[PDB]
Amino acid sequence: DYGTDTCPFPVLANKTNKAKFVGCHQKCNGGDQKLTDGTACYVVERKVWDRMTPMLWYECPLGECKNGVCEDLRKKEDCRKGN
């Protein structure tokens, strides 16, 4: 009823404070929310995201979304999580 793809999606942000999404898929109102292919993402399992300390600089791996998966682009950057 609220759509299966209108939930807010977890992010992280690098030194520019501009956010990128964490992973490429989540459950949304009991459905499967999938980000478009090519979207930049952090290759980070969600249970990890959920247990991170806000504002701590972490070494986050980057990737792009493909068919609901954050495919590792083999490069890294420091990122941090909101409060």
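So that there is no doubt, residue numbering starts at 1 and follows the sequence shown.
Compared with the other modelled residues of the chain, the Cα B-factor recorded for residue 48 ranks in the middle third. Residue 35: CA B factor lies in the middle third for its chain, per the PDB record.
Split the chain's modelled residues into thirds by C-alpha temperature factor. Residue 68 is in the highest one. Residue-level temperature factors show residue 82 in the lowest third of its chain, judged at the C-alpha atom.
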